[PDB]
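Undergrad: I have a structure here, written as structure tokens, and I will follow up with some questions on it.
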Amino acid sequence: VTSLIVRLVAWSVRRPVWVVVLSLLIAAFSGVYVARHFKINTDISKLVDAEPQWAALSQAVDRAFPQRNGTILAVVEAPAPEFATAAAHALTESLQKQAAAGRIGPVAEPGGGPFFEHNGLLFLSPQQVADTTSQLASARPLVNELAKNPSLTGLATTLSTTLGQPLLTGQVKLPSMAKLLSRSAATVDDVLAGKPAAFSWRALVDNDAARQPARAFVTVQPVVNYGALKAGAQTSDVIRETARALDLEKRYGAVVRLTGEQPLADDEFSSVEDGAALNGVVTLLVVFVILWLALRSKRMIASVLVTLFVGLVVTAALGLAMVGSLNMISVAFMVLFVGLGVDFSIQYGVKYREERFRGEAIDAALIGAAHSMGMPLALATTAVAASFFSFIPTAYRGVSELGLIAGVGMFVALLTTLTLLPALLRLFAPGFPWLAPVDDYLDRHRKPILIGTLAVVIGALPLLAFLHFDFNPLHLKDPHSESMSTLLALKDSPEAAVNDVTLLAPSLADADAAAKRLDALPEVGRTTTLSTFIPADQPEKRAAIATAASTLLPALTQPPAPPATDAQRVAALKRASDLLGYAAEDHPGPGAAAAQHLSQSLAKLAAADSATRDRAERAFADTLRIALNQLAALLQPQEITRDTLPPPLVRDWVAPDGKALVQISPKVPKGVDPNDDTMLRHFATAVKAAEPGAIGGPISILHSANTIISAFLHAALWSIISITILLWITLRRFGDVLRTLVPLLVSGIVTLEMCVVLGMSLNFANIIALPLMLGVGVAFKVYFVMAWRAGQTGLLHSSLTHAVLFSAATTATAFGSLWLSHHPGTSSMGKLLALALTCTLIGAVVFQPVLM
Amino acid sequence: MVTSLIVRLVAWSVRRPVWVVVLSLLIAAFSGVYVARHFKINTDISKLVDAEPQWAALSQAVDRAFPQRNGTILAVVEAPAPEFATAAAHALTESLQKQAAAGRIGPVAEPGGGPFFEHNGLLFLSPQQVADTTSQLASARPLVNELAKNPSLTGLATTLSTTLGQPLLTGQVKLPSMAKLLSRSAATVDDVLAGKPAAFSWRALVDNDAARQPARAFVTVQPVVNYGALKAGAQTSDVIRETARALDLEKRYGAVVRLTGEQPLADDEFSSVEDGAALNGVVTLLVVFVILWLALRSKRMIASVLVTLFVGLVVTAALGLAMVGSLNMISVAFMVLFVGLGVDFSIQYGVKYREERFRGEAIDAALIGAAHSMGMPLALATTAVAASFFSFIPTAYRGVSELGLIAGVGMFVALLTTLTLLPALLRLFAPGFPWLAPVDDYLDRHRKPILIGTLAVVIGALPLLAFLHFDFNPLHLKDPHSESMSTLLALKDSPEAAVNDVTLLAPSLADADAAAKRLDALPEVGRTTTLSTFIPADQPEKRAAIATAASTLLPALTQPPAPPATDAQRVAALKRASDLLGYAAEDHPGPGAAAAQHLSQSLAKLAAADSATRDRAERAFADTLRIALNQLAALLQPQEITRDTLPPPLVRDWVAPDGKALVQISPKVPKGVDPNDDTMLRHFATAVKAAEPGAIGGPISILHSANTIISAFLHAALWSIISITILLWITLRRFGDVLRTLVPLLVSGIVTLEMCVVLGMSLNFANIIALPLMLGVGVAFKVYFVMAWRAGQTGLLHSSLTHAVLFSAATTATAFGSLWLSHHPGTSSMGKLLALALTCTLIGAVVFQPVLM
């Protein structure tokens with residue numbers, strides 16, 4: 001091995017110009033080869049390989065319902081549910097205009113469109129339907145005043161009316177109105193504050209839930225042909241354009257969000273690249289300064305950098321030649337190359353600079369440094385390359401592609417350091433007092449310090465019991481990205497299919513039989529099928545609805561109201577405020593404290609401006625005109641049979657043939673947050689134990705984690721075996737193999753032991769750094785044992801001069817570039833690599849009195 | 001020259017035995033009498049774990065104000081029907097009441113609901129719920145009237161057959177509406193036909209809110225003010241088991257009484273450690289005996305080691321009680337540790353003498369000769385193993401600070417006991433393996449891979465440590481099949497028992513109300529109870545509504561006694577109801593028709609068995625109706641919500657005589673999550689403790705009592721090696737000999753944790769004592785292994801066995817097996833980790849022979 005390295009350099013020194021014109025030509029073809037098939041792919045199912053079983057179920061639900069995977073989910077958020085529901089209608093119509101032009105796919109609001117705006121009263125239970133119709137029967141006089149009032153002046157007139165005589169008559173009571181007046185006075189104070197609001201008539205009567213931001217969903221399914229186009233900005237962009245043109249949504253108080261399959265998988269990649277174009281170029285500067293520190297020969301630094309970039313282009317050229325696609329995690333190889341690959345040129349470049357000052361000539365300096373850096377560089381390279389190759393045999397294409405590109409990149413770095421650099425180094429013709437007190441302490445006391453930390457690495461050994469794993473990928477995919485911020489927002493929403501698994505069935509009768517088997521499980525909870533949308537006994541409900549509609553609809557459709565002038569408005573506000581004050585003092589009670597709160601607000605609102613009263617009317621009246629439209633539409637349902645359903649509602653639940661999928665939203669108790677590890681694993685593992693054909697959500701996430709766990713466990717077992725055998729081949733002394741194995745063990749525990757002390761959880765992308773630190777762990781023992789073989793009376797003195805820490809400065813610079821990546825998944829990987837490097841560097845200086 | 005000092009003590013022991021024999025035997029008599037005169041076993045949970053002087057103030061603040069609250073054993077009276085349950089509490093309560101005032105036990109009461117709650121129970125229902133609850137009973141007046149006048153089977157079957165007859169045809173009553181009544185009667189009727197007990201419960205059918213299958217009735221009794229723990233009367237634990245024993249009506253009421261408390265739950269743990277542990281102790285010696293005969297095969301040698309073993313053990317116990325006194329649940333497990341580690345020291349000396357004597361020497365020269373080669377070895381292993389026990393002394397984990405103390409003096413005795421008594425004893429008296437050939441040949445000729453082939457895989461099994469998990473709650477460590485524990489693990493679902501409620505104390509009732517109402521703001525707090533919560537809202541409007549319902553319901557409830565219908569009319573009234581059920585199902589069909597036909601089958605077959613089996617269903621259907629109507633009679637006359645009505649004891653154990661009001665906080669358990677949930681109870685404890693620090697009692701005490709155990713466990717692991725590493729420095733001054741035995745410690749320390757992931761072991765509290773304690777055994781066996789590997793460096797599987805080590809481990813492994821076999825996982829999992837950590841130095845040393853020596 002040694003002579004082969006000397007021959008390969010002696011040729012490079014023999015024909016220097018021949019190597020340069022050969023390298024730049026290959027550098028040209030590699031640059032040509034890179035651009036002609038450069039591609040970045042952000043598919044999320046490629047970053048992990050599931051077995052053919054799970055692939056059949058996933059494609060079964062997909063090939064049957066080809067749209068389900070591509071359906072966008074557009075959240076529309078407004079301060080009031082009517083303003084949200086009406087904004088859904090305001091936007092559902094615009095997307096419909098282009099769905100017919102092939103611009104997008106079939107648009108609908110699965111939360112509940114007109115089919116739910118009329119028949120939503122039918123989906124209720126048998127008894128509480130009769131209860132809801134009873135309350136709407138006794139409230140006939142209230143809605144009779146509400147459908148006729150001239151809005152804010154009339155709302156203040158129907159207010160002042162009830163506060164005057166009906167309190168004296170003893171019919172209406174003040175404490176009962178507290179629920180209305182407290183929410184009325186609060187909404188009035190918002191308009192006086194200057195911040196937007198909306199008086200929700202729904203949350204103050206029918207709806208018990210007053211959740212803060214009422215939202216409305218509208219889904220656009222993918223275009224039929226798809227395939228994307230440069231001019232075809234596609235369905236994610238179309239929603240952006242239509243809602244932009246509406247502007248009405250700024251008058252509705254609505255914002256349009258998005259999520260789905262492809263917006264997040266593309267947004268998470270963009271989280272890695274925020275700054276990465278600039279974050280990587282400051283690394284080259286930090287490498288440069290450290291590069292100049294090791295070899296302060298300007299005639300050398302330019303030559304060292306040229307070898308760095310030539311091997312860098314051939315890396316991507318050969319990389320795209322054998323993987324085809326540069327995925328999300330595998331794109332981080334470029335940063336790892338400059339950090340680890342430059343080490344080959346720094347370790348070799350300073351020995352040449354050493355030989356020149358030692359007293360060698362042009363021949364003897366290059367081929368003489370190859371005898372020092374011969375099997376060392378071969379050891380370090382194939383050890384690091386064996387670590388990247390450890391994820392190759394496993395079906396983890398996220399790292400299997402990164403290791404393949406990085407592994408062959410380590411051999412293209414040696415071949416560049418061994419030929420191109422000596423050729424350039426041929427054409428280009430080229431004291432530490434602060435370490436003194438450290439080595440005096442160290443060399444006089446590295447006898448028990450070694451025994452000291454070895455006792456402490458056994459002392460903190462129980463800390464490994466608290467070594468905790470992180471299981472849900474939500475933490476590492478940039479939770480503040482646009483698609484992940486909304487995905488996490490609508491987690492606690494019923495029709496938001498965030499956490500429900502989708503089991504497929506042959507027929508609808510089979511799907512209903514499967515739906516009952518699942519509702520028997522304690523964690524399953526809500527399951528919906530196409531038959532779930534046909535209410536049990538409809539004819540009985542419509543009779544109670546028809547009776548409630550015979551007395552309400554005459555009182556709901558009243559003649560229009562007079563546009564009240566401004567003078568009547570201030571009068572209606574002052575006369576409603578002053579009547580609220582006397583109502584709270586003459587009738588003292590729990591609502592009296594709330595009634596006086598409204599008087600303070602109405603009197604201030606009455607004596608306020610004029611623009612603030614038109615806006616306040618819009619927050620009180622426009623919602624009331626939309627709330628009454630929802631009531632008149634809800635009181636007129638129709639028969640619902642399988643053939644009386646909308647066309648797309650069946651297409652979403654039954655494809656050609658009878659294939660009916662069963663979505664299973666988990667039974668989430670109120671305290672448990674809907675996105676935890678404990679219950680979603682319990683749900684997904686129990687509903688799968690029942691029906692093995694269920695995939696789609698937490699079941700696919702759960703099985704994807706078990707694939708990654710069975711991945712890095714093999715790679716960590718693959719590395720050592722491929723490393724130990726590699727060490728035994730080059731160094732045949734087993735006293736030299738155990739010499740580089742005990743430091744790996746010690747350095748391996750402390751990284752895990754510091755994970756408990758520093759309080760960091762090993763997650764997914766964070767755990768990739770453990771198998772890699774074996775090939776980098778031994779590769780630094782190669783550099784370190786050389787800096788001390790020439791002399792070891794000062795371990796930190798010799799380490800600087802012989803340029804080993806400078807080697808680490810380059811590598812730590814690379815690990816720090818993945819640390820500052822905004823994307824918390826990549827930022828969690830670079831944190832482990834760098835912290836494990838420190839536990840190896842310090843570990844070496846402490847643990848080399850043993851193993852040298 | 002510690003070796004020369006050891007010789008002075010052994011050479012003196014030889015030549016003159018009669019001095020040694022009578023000097024140590026007399027001490028054993030003095031030592032044995034001290035053990036019998038002072039043998040105090042405590043069972044309090046606080047003696048096993050300490051806490052800050054601050055947390056002991058919160059514990060005693062609630063205790064001094066409420067002395068009774070600590071030992072109020074909650075006795076569950078569980079019956080098939082709530083009325084059979086609620087009335088079974090009355091039978092038990094009224095009998096204990098005859099001994100509460102007799103001074104036999106403390107004051108007796110029933111928390112779930114005595115007479116005060118059976119009357120005012122409707123006053124605690126919020127204003128709107130009772131408004132609809134009161135109005136519903138008005139429409140059931142004809143129904144309850146037909147039930148009050150007919151508390152018999154024939155009568156019940158008559159009101160049954162009457163409803164299915166005319167009103168079912170006219171549509172006055174609908175058949176589907178009779179779903180709960182028809183389907184759950186058919187279920188209860190089929191139960192009586194099978195022969196198994198049951199009870200139609202008018203509660204879960206009429207009120208219909210909850211149909212929980214084991215109805216439970218609670219009764220809390222307190223302890224006597226002057227608590228003396230006499231023997232003429234077993235304390236309140238067995239008094240409830242004595243009165244309700246002969247009450248016998250509980251076998252007729254249908255309920256058994258189970259008990260749980262604070263002291264009766266802690267003693268069930270200790271008694272679980274001693275299921276047959278007394279037998280387990282005597283069988284361990286027999287196993288060590290067989291190992292002793294395999295080691296020094298001669299009668300006079302075995303009897304020598306056993307006689308000196310009992311002396312060192314009887315003085316360890318006498319010393320132990322002389323400086324700790326307490327011999328709690330963990331401390332009592334030292335004797336099995338002694339028989340393992342004590343015979344260990346003698347196995348070395350016995351077989352070294354034997355070879356050295358049989359190598360061509362006299363007895364007197366071999367006793368003093370073998371003490372040379374085993375001076376530093378036995379001295380190192382002794383203090384190094386005892387330095388692991390002593391690592392728990394400074395920390396506040398008194399369950400182990402007492403065990404580590406008694407075990408430390410055990411090793412310092414077992415050494416001295418072997419060096420003097422064993423030679424002088426043996427001085428008074430006087431006395432080939434071919435199956436290792438392929439195994440030793442393989443390992444000896446291939447130690448190049450096996451060392452590297454495992455040191456690699458140990459590095460490859462390092463990510464497994466990321467899946468090592470800590471079990472935080474002591475409930476798993478608790479013995480689950482004891483009667484007191486099995487009840488507390490069943491009361492997770494019941495709120496009035498409230499097994500995990502933090503108890504915050506406040507100066508005044510207005511202060512506690514301020515603190516109790518405030519705590520409700522936090523999401524995990526749920527229900528907080530004070531005496532002001534016993535004052536049911538502000539409901540004279542509920543007096544007006546209930547009084548109106550009483551004027552029409554009570555006259556229909558107090559009917560004249562029905563003449564007991566004869567037996568011949570019963571088969572009539574049941575066949576009349578059955579054939580009517582059959583018709584009512586098919587001619588007027590509906591969803592209830594499938595159940596109406598079902599009852600008809602079960603009802604008809606009930607009428608065709610026995611006159612006794614009919615009377616059997618009467619005790620299930622009718623005797624329940626007596627109490628179901630009796631419950632309603634008292635429940636309709638509620639009286640006032642005024643503070644002064646609250647009985648004397650409710651004021652005593654809820655507010656304080658000083659005025660210190662107490663808040664009990666039951667966590668908001670989401671209906672899906674099991675109430676005894678590890679993560680969310682610890683979430684509830686931290687939120688309550690952070691908002692109001694004065695809270696202690698339940699989850700907070702259990703949560704914090706673990707944090708101090710983790711701090712004591714982590715210190716001992718650090719304190720063990722520093723004691724051991726400095727000790728290795730001193731004995732063997734070659735640092736190449738300190739690191740020689742320290743690297744295999746690190747290696748053997750990881751492989752146990754890595755196996756805890758492969759095997760799947762969790763690392764609880766008792767499971768974790770083995771981590772700091774195995775640091776001594778790790779360096780102690782590398783002392784034993786290295787001596788066997790002086791003359792026989794090749795064929796080391798041979799040498800380790802014949803030169804002492806394997807018969808030594810067989811005494812240690814057997815000792816750890818006796819801990820493994822106990823019932824209490826707080827002593828049965830400690831034996832599993834120890835034995836599994838021992839196999840990583842018995843194999844780890846043999847594998848790492850080149851690194852050792």
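Ligands are numbered from 1 in the order shown, chains are lettered A, B, ... in the order of the structure tokens, and residues start at 1 in each chain.
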For chain A, report every residue with an atom at most 6 Å from chain B (counting only C-alpha atoms), formatted as number ranges by chain.
TA: A: 458-459, 465, 467-468, 669-671, 716-717, 745
Undergrad: Quick one: write out the picked residues with N, CA and C atoms as a PDB file, in the first residue's frame?
TA:
```pdb
ATOM      1  N   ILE A 458     -17.471   6.329  33.952  1.00  0.00           N
ATOM      2  CA  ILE A 458     -18.217   5.265  34.610  1.00  0.00           C
ATOM      3  C   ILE A 458     -19.168   5.842  35.657  1.00  0.00           C
ATOM      4  N   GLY A 459     -18.854   7.020  36.199  1.00  0.00           N
ATOM      5  CA  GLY A 459     -19.745   7.642  37.165  1.00  0.00           C
ATOM      6  C   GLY A 459     -21.038   8.128  36.540  1.00  0.00           C
ATOM      7  N   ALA A 465     -29.601   5.967  31.489  1.00  0.00           N
ATOM      8  CA  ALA A 465     -30.965   5.496  31.697  1.00  0.00           C
ATOM      9  C   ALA A 465     -31.985   6.545  31.280  1.00  0.00           C
ATOM     10  N   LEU A 467     -31.602   8.558  28.828  1.00  0.00           N
ATOM     11  CA  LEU A 467     -31.427   8.844  27.408  1.00  0.00           C
ATOM     12  C   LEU A 467     -32.742   8.571  26.688  1.00  0.00           C
ATOM     13  N   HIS A 468     -33.403   9.630  26.228  1.00  0.00           N
ATOM     14  CA  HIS A 468     -34.756   9.538  25.701  1.00  0.00           C
ATOM     15  C   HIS A 468     -34.763   9.767  24.195  1.00  0.00           C
ATOM     16  N   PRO A 669     -59.333  12.282  24.053  1.00  0.00           N
ATOM     17  CA  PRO A 669     -59.913  12.903  25.244  1.00  0.00           C
ATOM     18  C   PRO A 669     -59.486  14.360  25.348  1.00  0.00           C
ATOM     19  N   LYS A 670     -60.257  15.121  26.129  1.00  0.00           N
ATOM     20  CA  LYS A 670     -60.128  16.576  26.106  1.00  0.00           C
ATOM     21  C   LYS A 670     -58.753  17.036  26.578  1.00  0.00           C
ATOM     22  N   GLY A 671     -58.170  16.341  27.555  1.00  0.00           N
ATOM     23  CA  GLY A 671     -56.883  16.770  28.079  1.00  0.00           C
ATOM     24  C   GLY A 671     -55.730  16.477  27.137  1.00  0.00           C
ATOM     25  N   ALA A 716     -24.836   1.392  12.520  1.00  0.00           N
ATOM     26  CA  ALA A 716     -23.887   1.431  13.627  1.00  0.00           C
ATOM     27  C   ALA A 716     -23.219   0.079  13.836  1.00  0.00           C
ATOM     28  N   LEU A 717     -23.939  -1.012  13.568  1.00  0.00           N
ATOM     29  CA  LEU A 717     -23.334  -2.337  13.626  1.00  0.00           C
ATOM     30  C   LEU A 717     -22.507  -2.633  12.382  1.00  0.00           C
ATOM     31  N   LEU A 745     -15.021   3.561  22.117  1.00  0.00           N
ATOM     32  CA  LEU A 745     -15.985   3.260  23.168  1.00  0.00           C
ATOM     33  C   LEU A 745     -16.115   4.430  24.134  1.00  0.00           C
TER      34      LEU A 745
END
```
Undergrad: Name all residues at most 12 Å from residue 544 of chain B (count only C-alpha atoms; drop same-chain ones fewer than 2 positions away) and give them as a ChimeraX atom specification.
TA: /B:123,127,130-131,134,539-542,546-551,636-640
Undergrad: Under the rule that only C-alpha atoms are counted, which of B:695, B:52, B:180, B:106 is the nearest residue to residue 596 of chain B?
TA: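 Using only C-alpha atoms, the shortest distance to residue 596 of chain B belongs to B:180.
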Undergrad: Can you pull out every residue within 12 Å of segment 322-324 of chain A, counting only C-alpha atoms, but drop anything in the same chain fewer than 2 positions away, and send it as a PyMOL selection string?
TA: chain A and resi 33-34+36-41+46+315-320+326-327+330-331+392+397-408
Undergrad: Write out, as a compact mmCIF listing (two decimals), in the first residue's frame, the residues just selected, with N, CA, C and O atoms.
TA:
```txt
# COMPACT_ATOMS: atom_id res chain seq x y z
N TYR A 33 -21.20 17.45 -16.92
CA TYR A 33 -22.02 16.33 -16.48
C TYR A 33 -22.98 16.74 -15.37
O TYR A 33 -24.10 16.21 -15.29
N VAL A 34 -22.57 17.67 -14.51
CA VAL A 34 -23.44 18.11 -13.41
C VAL A 34 -24.69 18.78 -13.96
O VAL A 34 -25.82 18.44 -13.59
N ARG A 36 -26.13 18.81 -16.95
CA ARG A 36 -26.99 18.13 -17.91
C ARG A 36 -27.98 17.18 -17.25
O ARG A 36 -28.93 16.75 -17.91
N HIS A 37 -27.79 16.84 -15.97
CA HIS A 37 -28.80 16.05 -15.26
C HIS A 37 -28.89 16.45 -13.79
O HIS A 37 -29.22 15.62 -12.94
N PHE A 38 -28.60 17.71 -13.48
CA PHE A 38 -28.82 18.22 -12.13
C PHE A 38 -30.31 18.25 -11.84
O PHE A 38 -31.11 18.73 -12.65
N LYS A 39 -30.70 17.73 -10.67
CA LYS A 39 -32.10 17.69 -10.30
C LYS A 39 -32.21 17.64 -8.78
O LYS A 39 -31.45 16.93 -8.12
N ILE A 40 -33.16 18.41 -8.24
CA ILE A 40 -33.49 18.39 -6.83
C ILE A 40 -34.91 17.88 -6.69
O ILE A 40 -35.84 18.45 -7.27
N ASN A 41 -35.09 16.81 -5.92
CA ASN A 41 -36.39 16.19 -5.72
C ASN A 41 -36.77 16.30 -4.25
O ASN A 41 -35.96 16.01 -3.37
N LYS A 46 -39.75 9.11 -0.90
CA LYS A 46 -38.48 8.59 -1.39
C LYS A 46 -37.44 8.53 -0.28
O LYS A 46 -36.52 7.71 -0.34
N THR A 315 -17.50 15.11 -7.51
CA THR A 315 -18.35 14.47 -6.51
C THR A 315 -19.82 14.53 -6.91
O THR A 315 -20.51 13.51 -6.92
N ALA A 316 -20.30 15.73 -7.23
CA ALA A 316 -21.69 15.87 -7.66
C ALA A 316 -21.91 15.24 -9.03
O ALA A 316 -22.98 14.68 -9.29
N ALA A 317 -20.90 15.31 -9.90
CA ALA A 317 -21.01 14.68 -11.21
C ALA A 317 -21.17 13.18 -11.08
O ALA A 317 -22.07 12.58 -11.68
N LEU A 318 -20.30 12.54 -10.29
CA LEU A 318 -20.46 11.12 -10.02
C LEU A 318 -21.66 10.85 -9.12
O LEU A 318 -22.27 9.78 -9.21
N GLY A 319 -21.99 11.79 -8.24
CA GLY A 319 -23.14 11.64 -7.36
C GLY A 319 -24.44 11.53 -8.12
O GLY A 319 -25.17 10.55 -7.97
N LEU A 320 -24.74 12.53 -8.96
CA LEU A 320 -25.93 12.47 -9.79
C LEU A 320 -25.88 11.34 -10.81
O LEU A 320 -26.92 10.95 -11.34
N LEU A 326 -30.92 14.43 -6.12
CA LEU A 326 -30.33 15.00 -4.91
C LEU A 326 -31.47 15.38 -3.97
O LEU A 326 -32.13 16.41 -4.16
N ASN A 327 -31.72 14.54 -2.97
CA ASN A 327 -32.89 14.70 -2.12
C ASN A 327 -32.62 15.74 -1.04
O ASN A 327 -31.65 16.50 -1.09
N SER A 330 -29.73 14.43 1.56
CA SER A 330 -28.51 14.16 0.81
C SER A 330 -27.87 15.41 0.23
O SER A 330 -26.73 15.35 -0.22
N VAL A 331 -28.57 16.55 0.23
CA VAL A 331 -27.99 17.79 -0.28
C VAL A 331 -26.93 18.36 0.66
O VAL A 331 -26.17 19.25 0.25
N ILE A 392 -25.97 2.35 3.35
CA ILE A 392 -26.21 1.85 2.00
C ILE A 392 -27.06 0.58 2.02
O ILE A 392 -28.11 0.54 1.36
N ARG A 397 -33.35 5.46 2.00
CA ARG A 397 -32.82 6.17 0.83
C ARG A 397 -32.46 7.62 1.13
O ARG A 397 -31.75 8.24 0.34
N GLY A 398 -32.94 8.18 2.24
CA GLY A 398 -32.52 9.52 2.63
C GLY A 398 -31.03 9.59 2.93
O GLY A 398 -30.37 10.56 2.58
N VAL A 399 -30.50 8.55 3.58
CA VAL A 399 -29.09 8.53 3.95
C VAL A 399 -28.35 7.57 3.03
O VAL A 399 -27.14 7.71 2.80
N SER A 400 -29.07 6.57 2.49
CA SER A 400 -28.45 5.68 1.51
C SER A 400 -27.95 6.45 0.30
O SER A 400 -26.92 6.08 -0.29
N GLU A 401 -28.64 7.52 -0.08
CA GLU A 401 -28.17 8.37 -1.17
C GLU A 401 -27.10 9.35 -0.69
O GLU A 401 -26.19 9.67 -1.46
N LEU A 402 -27.20 9.82 0.55
CA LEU A 402 -26.17 10.71 1.08
C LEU A 402 -24.85 9.97 1.28
O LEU A 402 -23.78 10.49 0.94
N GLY A 403 -24.91 8.75 1.83
CA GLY A 403 -23.69 7.99 2.05
C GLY A 403 -23.02 7.57 0.76
O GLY A 403 -21.79 7.55 0.66
N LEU A 404 -23.82 7.23 -0.26
CA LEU A 404 -23.25 6.85 -1.55
C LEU A 404 -22.51 8.02 -2.18
O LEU A 404 -21.42 7.85 -2.73
N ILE A 405 -23.10 9.22 -2.12
CA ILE A 405 -22.45 10.39 -2.70
C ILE A 405 -21.25 10.80 -1.87
O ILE A 405 -20.21 11.21 -2.41
N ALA A 406 -21.36 10.70 -0.54
CA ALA A 406 -20.25 11.10 0.33
C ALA A 406 -19.15 10.05 0.35
O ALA A 406 -17.96 10.39 0.42
N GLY A 407 -19.52 8.77 0.29
CA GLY A 407 -18.51 7.72 0.31
C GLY A 407 -17.61 7.76 -0.91
O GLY A 407 -16.38 7.76 -0.79
N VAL A 408 -18.20 7.78 -2.10
CA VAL A 408 -17.41 7.94 -3.32
C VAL A 408 -16.77 9.32 -3.37
O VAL A 408 -15.81 9.52 -4.12
```
Undergrad: Enter the distance from atom CA of residue 204 of chain A to atom CA of residue 487 of chain A, in Å, rounded to one decimal.
TA: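 Between atom CA of residue 204 of chain A and atom CA of residue 487 of chain A the gap is 28.5 Å.
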Undergrad: Which value, in Å to one decimal, gives the distance between atom CA of residue 839 of chain A and atom CA of residue 774 of chain A?
TA: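 Computing the Euclidean distance for atom CA of residue 839 of chain A and atom CA of residue 774 of chain A yields 12.4 Å.
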Undergrad: Taking only C-alpha atoms into account, which of B:265, B:169, B:105, B:74 comes nearest residue 234 of chain B?
TA: B:105
Undergrad: Set the distance at 8 Å and use only C-alpha atoms: which residues neighbour residue 714 of chain A once local chain neighbours fewer than 2 positions away are removed? I'd like the list as a count of residues only.
TA: 9
Undergrad: Just want the 9 Å neighbourhood of segment 157-172 of chain A, counted on only C-alpha atoms, with same-chain residues fewer than 5 positions away dropped. Output as an NGL selection string.
TA: :A and (145-146 or 149-150 or 152 or 177 or 572-573 or 575-580 or 582-583 or 587)
Undergrad: Which residues, written as a PyMOL selection string, have at least one atom at most 7 Å from residue 344 of chain A, with only C-alpha atoms counted and residues fewer than 3 positions away on the same chain left out?
TA: chain A and resi 341+347-348+377+414+417
Undergrad: So that I can check the surroundings of residue 777 of chain B, please list as a list in words every protein, DNA and RNA residue that reaches within 9 Å of it, counting only C-alpha atoms and ignoring chain neighbours fewer than 3 positions away.
TA: residues 381, 384, 385, 388, 773, 774, 780, 781, 782, 838 and 841 of chain B
Undergrad: For atom CA of residue 811 of chain A and atom CA of residue 794 of chain A, quote the distance in Å rounded to one decimal.
TA: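 Pair atom CA of residue 811 of chain A / atom CA of residue 794 of chain A returns 23.3 Å.
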Undergrad: So which residues of segment 602-686 of chain A fall under strand (DSSP E or B) by DSSP, listed as a PyMOL selection string?
TA: chain A and resi 654+660-665
Undergrad: Quick one: write out the picked residues with N, CA, C and O atoms as a compact mmCIF listing (two decimals), in the first residue's frame?
TA:
```txt
# COMPACT_ATOMS: atom_id res chain seq x y z
N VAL A 654 -66.41 6.57 -2.65
CA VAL A 654 -66.53 5.36 -3.45
C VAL A 654 -66.02 5.66 -4.85
O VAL A 654 -66.54 6.55 -5.53
N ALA A 660 -64.70 1.52 -0.88
CA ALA A 660 -65.07 2.56 0.07
C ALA A 660 -64.04 2.61 1.18
O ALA A 660 -63.86 1.63 1.91
N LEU A 661 -63.37 3.75 1.32
CA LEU A 661 -62.39 3.93 2.37
C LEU A 661 -63.06 4.38 3.66
O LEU A 661 -64.12 5.02 3.64
N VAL A 662 -62.44 4.04 4.79
CA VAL A 662 -62.97 4.34 6.11
C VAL A 662 -61.92 5.14 6.86
O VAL A 662 -60.90 4.59 7.28
N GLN A 663 -62.16 6.44 7.02
CA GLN A 663 -61.27 7.27 7.81
C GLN A 663 -61.63 7.15 9.29
O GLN A 663 -62.80 7.02 9.66
N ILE A 664 -60.60 7.19 10.14
CA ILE A 664 -60.72 6.83 11.55
C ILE A 664 -60.04 7.92 12.37
O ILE A 664 -58.85 7.83 12.70
N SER A 665 -60.79 8.96 12.71
CA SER A 665 -60.25 10.01 13.58
C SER A 665 -60.19 9.50 15.01
O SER A 665 -61.22 9.06 15.55
```
